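Only one structure is covered here, and it is reproduced in the block below.
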Amino acid sequence: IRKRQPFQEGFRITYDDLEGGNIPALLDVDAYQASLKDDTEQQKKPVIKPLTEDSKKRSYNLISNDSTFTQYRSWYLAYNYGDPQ
């Protein structure tokens with residue numbers, strides 16, 4: 001990663017600098033699958049279920065419970081999808 005204007009000094013990048021580059025959460029595959037399949041055993045699939053914690057119950061630090069984004073942010077993500085302006 002380099003700085004487009006290079007001669008002006010300094011190159012520091014902080015969390016606030018990655019506007020709009022918030023990393024999407026990972027959906028709960030198991031949950032979706034299960035739901036659909038037992039609906040099958042009986043529609044009404046809680047696809048939605050962004051997963052909150054990992055196996056060892058380590059949090060993914062979601063921005064909120066009813067959102068699809070985590071407090072994690074990435075530079076790559078931003079340069080590619082963030083605001084071009």
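For the structure tokens, the naming scheme is as follows: chains receive sequential letters (A, B, ...) according to their order of presentation, residues are indexed from 1 within each chain, and ligands are indexed from 1 in presentation order.
Residues with any atom within 9 Å of region 67-83 of chain A, counting only C-alpha atoms and excluding same-chain neighbours fewer than 4 positions away, are residues 15, 18, 19, 20, 21, 22, 23, 24, 25, 26, 27, 50, 60, 61, 62 and 63 of chain A.
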Please produce an output containing C-alpha atoms for each residue in the selection, written as a PDB file, in the first residue's frame.
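Final file, out19.pdb:
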ATOM      1  CA  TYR A  15      -9.943   3.088  11.949  1.00  0.00           C
ATOM      2  CA  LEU A  18     -11.559   3.322   6.537  1.00  0.00           C
ATOM      3  CA  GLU A  19     -14.968   4.879   5.998  1.00  0.00           C
ATOM      4  CA  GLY A  20     -17.479   2.483   4.491  1.00  0.00           C
ATOM      5  CA  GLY A  21     -15.044  -0.431   4.485  1.00  0.00           C
ATOM      6  CA  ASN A  22     -16.782  -2.312   7.282  1.00  0.00           C
ATOM      7  CA  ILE A  23     -16.312  -6.062   6.916  1.00  0.00           C
ATOM      8  CA  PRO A  24     -19.574  -7.976   6.388  1.00  0.00           C
ATOM      9  CA  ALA A  25     -20.412 -10.600   8.969  1.00  0.00           C
ATOM     10  CA  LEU A  26     -20.432 -14.315   8.194  1.00  0.00           C
ATOM     11  CA  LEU A  27     -23.878 -15.882   7.926  1.00  0.00           C
ATOM     12  CA  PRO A  50     -25.628 -13.538  11.351  1.00  0.00           C
ATOM     13  CA  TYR A  60     -16.934 -11.188  16.058  1.00  0.00           C
ATOM     14  CA  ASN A  61     -17.573  -7.719  17.461  1.00  0.00           C
ATOM     15  CA  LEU A  62     -20.677  -6.971  15.429  1.00  0.00           C
ATOM     16  CA  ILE A  63     -21.750  -3.340  15.208  1.00  0.00           C
TER      17      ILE A  63
END
Sel. of strand (DSSP E) residues, chain A, as a ChimeraX atom specification: /A:22-24,69-73
Next, write the just-selected residues to a file, as an mmCIF file, in the first residue's frame, keeping N, CA and C atoms as the atom set.
data_model
loop_
_atom_site.group_PDB
_atom_site.id
_atom_site.type_symbol
_atom_site.label_atom_id
_atom_site.label_comp_id
_atom_site.auth_asym_id
_atom_site.auth_seq_id
_atom_site.Cartn_x
_atom_site.Cartn_y
_atom_site.Cartn_z
ATOM 1 N N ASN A 22 -16.455 -1.369 6.222
ATOM 2 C CA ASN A 22 -16.782 -2.312 7.282
ATOM 3 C C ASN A 22 -16.946 -3.720 6.725
ATOM 4 N N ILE A 23 -16.318 -4.678 7.390
ATOM 5 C CA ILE A 23 -16.312 -6.062 6.916
ATOM 6 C C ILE A 23 -17.685 -6.678 7.163
ATOM 7 N N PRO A 24 -18.300 -7.291 6.159
ATOM 8 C CA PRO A 24 -19.574 -7.976 6.388
ATOM 9 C C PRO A 24 -19.393 -9.163 7.315
ATOM 10 N N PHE A 69 -22.984 -6.198 9.630
ATOM 11 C CA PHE A 69 -21.622 -5.701 9.573
ATOM 12 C C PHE A 69 -20.963 -5.841 10.937
ATOM 13 N N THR A 70 -19.651 -6.037 10.912
ATOM 14 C CA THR A 70 -18.855 -6.130 12.121
ATOM 15 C C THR A 70 -17.995 -4.885 12.255
ATOM 16 N N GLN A 71 -17.503 -4.659 13.469
ATOM 17 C CA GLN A 71 -16.612 -3.533 13.698
ATOM 18 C C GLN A 71 -15.273 -3.704 13.000
ATOM 19 N N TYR A 72 -14.977 -4.896 12.490
ATOM 20 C CA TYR A 72 -13.782 -5.084 11.684
ATOM 21 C C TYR A 72 -13.906 -4.321 10.373
ATOM 22 N N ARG A 73 -12.802 -3.721 9.944
ATOM 23 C CA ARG A 73 -12.739 -2.989 8.687
ATOM 24 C C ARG A 73 -11.459 -3.360 7.957
#
Residue nearest residue 49 (chain A) - candidates A:28, A:34, A:2, A:66, atoms counted: only C-alpha atoms: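 Closest candidate: A:28.
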Option closest in space to residue 35 (chain A), from A:10, A:4, A:47, A:16 [counting only C-alpha atoms]: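 Selected residue with least distance to residue 35 (chain A): A:47.
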